[PDB]
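Quick heads-up: it's one chain on its own, the form solved without the DNA, in structure tokens.
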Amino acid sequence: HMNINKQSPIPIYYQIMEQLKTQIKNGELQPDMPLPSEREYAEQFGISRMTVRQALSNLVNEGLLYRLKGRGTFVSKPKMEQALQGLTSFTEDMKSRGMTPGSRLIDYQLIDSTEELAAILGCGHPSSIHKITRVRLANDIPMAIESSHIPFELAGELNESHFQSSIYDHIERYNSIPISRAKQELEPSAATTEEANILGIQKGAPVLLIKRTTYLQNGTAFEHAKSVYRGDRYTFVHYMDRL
């Protein structure tokens, strides 16, 4: 199934870890069928069982796999439940679940309003708009890519210390008005080459494409954001009623 090249300078255990990772990334491994045994892998490739064991144990310690006594070794399927109706920040979302939020700046641009953005935000035109594009990390694992358009006057000058923490925190502080309401539009999608590369997932893997338009308590729109969320680590939850 996988491919081991003994002539390569990459150690065999490392090859196994990487190829199993690539297999989980590619969907090639069912999540609750057991992995091939140490024996099966070792015989298949003509390598030591201890080499196989080294790889599998490392993967367990990285949480990508888990052992069930008497049943074998299984692919981990960690998925966070994300509530759709509570208006929150990524930073709030992560801290609530005891994980450390982070960000890496993909791109920052101050841009001229378009008439389309101006219609969405109800902001001036012509005006200047922050365009803040970040990958959002949970314990240094990329979870999403978000591109947030915010009218300049609702945020003022921004620097790397804003980008590396919570934009919503800054928005409330800077405007002295809390964040109160949003509208979101959800669409399933396949990760583009670039999205996959930044997210560490396979090209074309399932992502949820989300557009959010977010409002201050005085009813001013301060954000129009377009984001892609990793399908493989998220479950989006909401409720419904007749009203």
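Numbering starts at 1 and follows the sequence shown.
Compare the mean C-alpha B-factor of 227 to 235 with that of 19 to 27 as given in the PDB entry, and name the stretch with the higher value.
Comparing 227 to 235 with 19 to 27, the higher mean C-alpha B-factor belongs to 19 to 27.
Tell me which of 164 to 172 and 114 to 122 has the higher mean C-alpha B-factor in the deposited entry.
Stretch with the higher mean C-alpha B-factor: 114 to 122.
At the C-alpha atoms, which of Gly204, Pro188, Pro178, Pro36 reaches the highest B-factor in this entry?
Out of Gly204, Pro188, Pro178, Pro36, the record gives the largest C-alpha B-factor to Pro178.
Considering only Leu154, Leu105, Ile145, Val75, which residue's Cα atom bears the greatest B-factor as recorded?
The record points to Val75.
Lowest, middle or highest third of the chain for the C-alpha temperature factor of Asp32?
Within its chain, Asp32 is a highest-third residue by C-alpha B-factor, going by the deposited values.
Rank-wise, by C-alpha B-factor, drop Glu62 into the lowest, middle or highest third of its chain.
Its C-alpha B-factor belongs to the highest third of this chain's values.
Ranking every modelled residue in this chain by its Cα temperature factor as given in the entry, which third contains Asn5?
Within its chain, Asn5 is a middle-third residue by C-alpha B-factor, going by the deposited values.
Is the Cα B-factor recorded for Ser96 in the lowest, middle or highest third of its chain?
Tercile = highest for this residue's CA B-factor.
Name the third of the chain's ranked CA B-factors that contains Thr133, choosing lowest, middle or highest.
For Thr133, whose C-alpha B-factor we compare with every modelled residue in the chain, the answer is the lowest third.
The same protein has a further form, the form deposited with the DNA bound, not shown here; the description that follows concerns it.
Mind checking whether each of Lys6, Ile12 and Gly46 has a heavy atom within 4.5 Å of the DNA in the deposited bound form?
Every residue of the candidate spot has a heavy atom within 4.5 Å of the DNA in the deposited bound form.
If you check in the deposited bound form, is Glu28 within 4.5 Å of the DNA, heavy atoms only?
Heavy-atom contact with the DNA at 4.5 Å: absent for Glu28.
Spell out, yes or no, whether the shortest heavy atom distance between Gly72 and the DNA in the deposited bound form is within 4.5 Å.
Taking the distances in the deposited bound form, the answer for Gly72 is yes, it comes within 4.5 Å of the DNA.
Wondering, does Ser37 line up within 4.5 Å of the DNA in the deposited bound form on heavy atoms?
Although the DNA is absent here, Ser37 would touch it in the deposited bound form, with heavy atoms inside 4.5 Å.
May I ask you to state whether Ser189 is within 4.5 Å of the DNA in the deposited bound form, using heavy atom distances?
No - in the deposited bound form, heavy atoms of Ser189 and the DNA never come within 4.5 Å of each other.
Identify, from the list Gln184, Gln202, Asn175, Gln54, the residue with a heavy atom within 4.5 Å of the DNA in the deposited bound form.
It is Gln54 that has a heavy atom within 4.5 Å of the partner.
Have a look at 72 to 80, 103 to 111, 127 to 135, 86 to 94 and name the one stretch with heavy atoms inside 4.5 Å of the DNA in the deposited bound form.
That would be 72 to 80.
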